[PDB]
Amino acid sequence: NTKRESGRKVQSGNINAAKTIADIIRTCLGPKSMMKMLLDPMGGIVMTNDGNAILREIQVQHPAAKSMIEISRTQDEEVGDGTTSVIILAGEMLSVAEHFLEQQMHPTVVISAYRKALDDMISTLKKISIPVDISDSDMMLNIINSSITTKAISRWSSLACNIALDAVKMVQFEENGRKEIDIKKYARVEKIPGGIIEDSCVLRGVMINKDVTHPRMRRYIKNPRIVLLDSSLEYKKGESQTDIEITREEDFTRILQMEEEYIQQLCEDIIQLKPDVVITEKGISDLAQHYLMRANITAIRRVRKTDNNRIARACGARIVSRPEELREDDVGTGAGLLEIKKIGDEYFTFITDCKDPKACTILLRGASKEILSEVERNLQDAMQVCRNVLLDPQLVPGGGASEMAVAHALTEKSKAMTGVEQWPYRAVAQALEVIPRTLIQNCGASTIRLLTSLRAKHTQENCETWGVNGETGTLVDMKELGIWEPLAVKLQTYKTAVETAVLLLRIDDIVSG
Amino acid sequence: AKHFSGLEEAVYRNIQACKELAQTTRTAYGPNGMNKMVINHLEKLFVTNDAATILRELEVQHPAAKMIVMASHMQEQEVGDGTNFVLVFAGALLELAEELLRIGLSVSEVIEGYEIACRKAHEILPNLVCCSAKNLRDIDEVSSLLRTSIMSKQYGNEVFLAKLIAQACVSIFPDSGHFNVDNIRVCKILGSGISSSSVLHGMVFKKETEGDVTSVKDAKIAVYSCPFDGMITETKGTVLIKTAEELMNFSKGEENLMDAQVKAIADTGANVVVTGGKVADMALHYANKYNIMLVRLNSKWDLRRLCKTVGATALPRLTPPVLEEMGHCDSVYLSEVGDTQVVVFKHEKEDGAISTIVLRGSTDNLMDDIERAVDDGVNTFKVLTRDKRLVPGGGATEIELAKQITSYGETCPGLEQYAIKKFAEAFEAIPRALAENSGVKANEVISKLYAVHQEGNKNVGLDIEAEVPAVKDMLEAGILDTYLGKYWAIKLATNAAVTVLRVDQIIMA
Amino acid sequence: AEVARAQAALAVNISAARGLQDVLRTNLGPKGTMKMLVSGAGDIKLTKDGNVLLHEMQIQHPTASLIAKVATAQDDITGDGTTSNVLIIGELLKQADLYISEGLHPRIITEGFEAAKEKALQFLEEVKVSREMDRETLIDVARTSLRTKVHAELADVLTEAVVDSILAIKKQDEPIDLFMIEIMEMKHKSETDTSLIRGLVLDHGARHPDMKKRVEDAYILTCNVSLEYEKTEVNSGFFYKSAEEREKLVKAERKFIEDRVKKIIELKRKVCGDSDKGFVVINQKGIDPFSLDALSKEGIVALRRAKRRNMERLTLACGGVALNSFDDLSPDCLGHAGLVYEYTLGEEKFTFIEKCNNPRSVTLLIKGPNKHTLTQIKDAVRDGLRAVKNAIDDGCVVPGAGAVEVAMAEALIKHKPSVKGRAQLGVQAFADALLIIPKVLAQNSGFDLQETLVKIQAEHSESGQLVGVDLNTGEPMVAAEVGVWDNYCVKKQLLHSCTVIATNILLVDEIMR
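Chains as they are written, first to last, in full-length UniProt numbering: chain A, 13 to 525; chain B, 19 to 527; chain C, 11 to 523.
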């Protein structure tokens, strides 16, 4: 309707949410790890190192709290992790500068500061980003188990990283998009219930769990050939329209029978032609696929073009109307293996597909069905490191001095870059030093003076590579600490965070409706 | 039940149980009680000096009382008196320990003092057992034997009931030596006097009894809840109200319908056809014309009564009774039972196991009072079948144990010392439950009973000689308890109170 | 919505933790009492079992969540330590809270707990000795096991029947009993009693004079889909709908009866001779009076109402096979019970299938006239067996009754952790949390807890004499002496759930609402 709002009132409510968002997770983030509990209206506890959980589960505070879960999922998609980082970084960067600078009163000179610190981030990152080799799955393994240990898991760090190493390489887009930026669709993650890591097979390709649902279907055939419709399924999907009588019990049934009988004869047209796979993208019927499974023809049914398309190239299956009808072939082998591997009686067909676009659905195994999810998450952010290190072998040592690594270089440029912008630049110079100091405040001692000594150690000795240990609070080498921080993650979390701050800096009025 | 807390149940709910439990004995227990009006969800005045009844007549608002209420009931089960005991005695147990708390004595500690003493009691108990008397064919020995139990639970006539109540249980099984939990099903009939109450046996239907006696000697019945109102599954009883002509016509068919009915029962044979259901006119007069005995409007009770004695099953369907469904009695006959004419069956040589004492009076409370009393007599009969042991009436018996129990407590010490001597106090409340029911003080009595000093004939009963507290010889008085009943009495009361002593307060989700 | 922050977020947690925990100290050891929890059923539950009252009815708390979590497994793992698992953390917390009350990190105070539990688990591993599967050796444990679970006289009265149950094991591998638990319940004239029977017993039988009392050669026909049908393994339909239909339905039943009893009697005729050998059909529904009589004159022992679970242990005891029909059958499927007996105690007819080919089972007939009795005296059985089985299931056992308690506390030497006071403080609340076991026992009696406890240390501060609170008198004893001994599963496992949940407290630094 007719409405207007003002400035700091709308600006502080940002921080009011943004701060609380930033709060408990910074004790949860890093080696120091805490539970963010929610009391349900239902009365239940929900205990997380993740904010989005407790956030989503509860009343949404409109300006800030609605903004960050988005940029969280923005960030959660980017490298796979760092929602916690973005949401705390922004609110952090949104706090001390603003009112200070907004009592000095200006949006814009603050805005340019977001970039410069984000730029002062970039350079000294990629300056102090330590190249770690992808030629070594080791120099991936050292950094890949490093980012699977982020909070609570040193356990699945061993297995899930193993699965992630060459998978990321094996992960491909279908453009030959490389594969360093690779997504978790082309990395695809499906945890397979039951089994164990001893049962774990390394699937660097995709599992098609549609492939073998029953032993009747083709199994342990090196590479399939997927015949898509068009001839081997001739075209009648219909029915002969027999009469109906509400009196008889049988007349309701016989009409539905005549609908499936034609695909039954389409799947019969398949038997003689003898594919090993028939992909039916329109699909088949219930009694029809029995006919399919007669000839040892596995049916991939009601499946999209692209699942087949990727799998076809992945599984090395041609694309044809009919084995006696020739446009020739798509691919005979994209897959150096076809594995049909079952836990329970449902066959999960795991087909390792070399550098294929595929899904790269990578077989992961927990000690049970449930902890597979964390393994997957341990496998996800393990791919994060790989895709990071495949992207940039440069990444930064960590344990938190990376967050200082910008912070004091800012202090120098506040005195160097200057202008009146130094004041935003100096006011944003402060934001990056609370987070490690919080890890060290979780340690206590003097988390303050240590950080000043770190701030010394920053310019004195090392900005990040020789850092502070988060669970300790001593001067440490973040390389020798062995905690490695992906370079791109820094490029992501900070960037993503400054923007919602610029965002919630930009909007001083929110009308409802 | 209780979200409540704060050390409540122990210091608090336990005595309130005793509150609820007291005066339901202490003025209700003795040679007599003193009436307690009760109005159930069935709204009528119920005078109960019987522990079991008034308890169940009240509805437990405690977890506390909820436990020991059964300890008094199980006594009526196990004994037939000493139920008011559990009210007072177990009520007199824990309120002692209420001090021990403020004395600073724990629960698990002082229980032991109460725990070991029931044994010491059960060990003292055989001592003061005074002679014994058993003849299951004695009405006289059992009359005075049923006295003590009816006394506590009856303000009505003690002796003439003892003559009636020790009649039936002795009379229904003349042999006895085998006695049924229910060996007497009294036929409660209002009218005349409580003295007109008499002793008959077998089964009685006070219910409407019709047709005619064609055999007073032979009693054969198919017990039925089936209506002869036109309920039969042989043919289809179908009443047609759609037109008045239809109503008149089925009544004509009803004659031959009832000809398919009370015929079919006496086809298997029958005299009374026991009808828990209804009988319409053309059916009634037919069975009157068929000259079968129809006892009509039989309720489930007389069924449940009669269903057990003959071994036949009340059928809501009308069929010719199978061997299982046709009952026989010794004799079925119309006699005024307490001088009111109703049919009275006979089961004695039938194997008996049901006596019908007509319970009478000009009000139900007369018929209900003895109803409270007679079962105690029915009860102590089996208590007699179990032990012949006579231990004298209440209030003489307790002082002898207590004095020892006190000196036992003297030999007890360790912090349960007086916790035993507390148990020694739970004794004197029983003669006090007589003295309070009488209106004088047991301290005097206790003074006297330890003045006279001997223990087990010395007690005051409910008396007008109780103006001044005046001791009588319980064994001699014709007030005759037994070892078991006391041994039962002490047990549950010692059982239920020490475990509700072990309770904590209730946490609730 | 509402966020609880910092020490406010801490308070109600530790507040609802320790206080409700403090509610429960009437118990835990024979000097403990029963505790009354009336559930929504109006049921009177007077219990010394900690595992019990948690889930039944507990004042609403978010803290009521994790407590129900841990002590569940405590009854699951051991069966005891559950009444124990309550009183550890509050002590630990009340002591630990100080350091936080003194402004020290739940983080660092966590880390002394974890560090200290080792040397006690070590101490547990150290202070234990192998306490052999000998029943008498288990008695002393079963004596004491039920004590920490329930009242002595109840802990005692079961100890007879208890170890006998675990004595009949086949070298079964379980820490607990499954089949050794056959719960028969009778309304009794003795509140606490239990009739211990070897092997399975059937809930109800069918007695007939011609029906053989004790059948030494018993070919067991398990039976189902009863006489109301005619040679059918499927239960057919009935018409009781109309008063006329009820009449015409039940007459044919005789013939349906006649078939099966016939099929029964001639099944005896095959295998048993005519009456020459004893025989048992077990009709797990009612037995119709004809066949009740007609099988009885046959020589068959026809059993009314065995449960489907009675059915389960049935054919294993006799080593035979179950049948859902009454009908002529391969003799192998008839199970041979070296004893089939039927015992009628009061109303209930207890079939004794004895000389069980698998004595995997024994039978406990639970007694009481009263529910709460019948309720509770069953309860002690169920936990204690599980507990006591650990004494046989583990040849190793470890002293109860406080003997070991003051030892690790003395041996802990809290200054020996010198690193910060991360460990050195968290070990302090630890030796405190250790001694709550003697505390409540020394507590519940006269004196104090300490007043006796301080003896126990100073007593065992004379080292090598393992002294603890005499279970009932709240005063010193050496628990190794009498054999009063808590399971190797009791004491070893207990610290685990204790350390983790109090840590879970410390890892929750925030609870949103």
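Cβ coordinates follow ideal geometry from the N, Cα and C atoms, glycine included.
As assigned by DSSP and simplified to three states, the class of residue i
i           : result
residue 1/C : The displayed coordinates of chain C run from 11 to 523. Any statement about residue 1/C would go beyond what the structure contains.
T512/B      : helix
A347/C      : strand
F248/C      : coil
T381/B      : coil
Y351/B      : strand
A326/A      : helix
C455/A      : helix
residue 5/A : Chain A is shown only over 13 to 525; residue 5/A falls outside these bounds and no answer can be derived.
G410/C      : coil
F336/C      : coil
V72/A       : coil
Within chain C, partners of residue i - CB distance below 7 Å
i      : result
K286/A : Within 7 Å Cβ-Cβ: nothing; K286/A doesn't reach chain C, min ~44 Å.
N454/A : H115, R117
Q71/A  : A11
Chain A contact for residue i (CB, 8 Å cutoff)
i      : result
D519/C : yes
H506/C : no
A11/C  : yes
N514/C : yes
Within chain A, the residues that residue i reaches when beta carbons sit closer than 7 Å
i      : result
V211/C : Those do not exist, as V211/C stays about 37 Å from chain A at its closest Cβ, beyond 7 Å.
CB contact check: residue i to chain B, cutoff 8 Å
i      : result
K222/C : no
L47/C  : yes
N454/C : yes
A441/C : no
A253/C : yes
Closer than 8 Å at the beta carbon, the chain C residues around residue i
i      : result
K84/B  : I54
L50/A  : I521, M522, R523
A442/B : The premise fails here: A442/B is roughly 22 Å from chain C at the closest Cβ pair, so nothing lies under 8 Å.
Cutoff 8 Å: residue i Cβ touching any chain C Cβ
i      : result
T517/B : yes
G485/A : no
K44/A  : yes
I66/A  : yes
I57/A  : yes
Within chain B, partners of residue i - CB distance below 7 Å
i     : result
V33/C : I525
Against chain B, which members of the stretch 60-83 of chain C pass a CB distance test of less than 8 Å? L63, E66, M67, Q68, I69, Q70, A74
Alpha helix (DSSP H) segments (min. 4 residues) lying fully within the stretch 92-119 of chain A: 95-115
Interface residues of the stretch 403-433 of chain C facing chain A [CB-CB below 8 Å]: none
Note down, in chain order, all residues in the stretch 267-290 of chain B with a beta-carbon under 9 Å from any beta-carbon belonging to chain C. none
Closer than 7 Å, Cβ to Cβ, to anything on chain C: give me those residues from the stretch 123-137 of chain B, in chain order. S124, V125, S126, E127
My parser needs the beta strand (DSSP E) runs of 3 or more residues fully inside the stretch 380-418 of chain A; what are they? 406-409
Interface residues of the stretch 104-126 of chain C facing chain A [CB-CB below 8 Å]: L114, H115, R117, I118
Unbroken stretches of the alpha helix (DSSP H), 4 residues or longer, contained in the stretch 140-214 of chain C: 145-159, 162-177
What residues in the stretch 379-406 of chain C bring their beta carbon closer than 8 Å to a beta carbon of chain B? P379, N380, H382
To test your reading of the DSSP string, which unbroken alpha helix (DSSP H) runs of 4 or more residues are found completely within the stretch 90-122 of chain C? 92-111
Which whole runs of the alpha helix (DSSP H) in the stretch 243-302 of chain B are 4 residues long or more, in chain order? 262-277, 280-285
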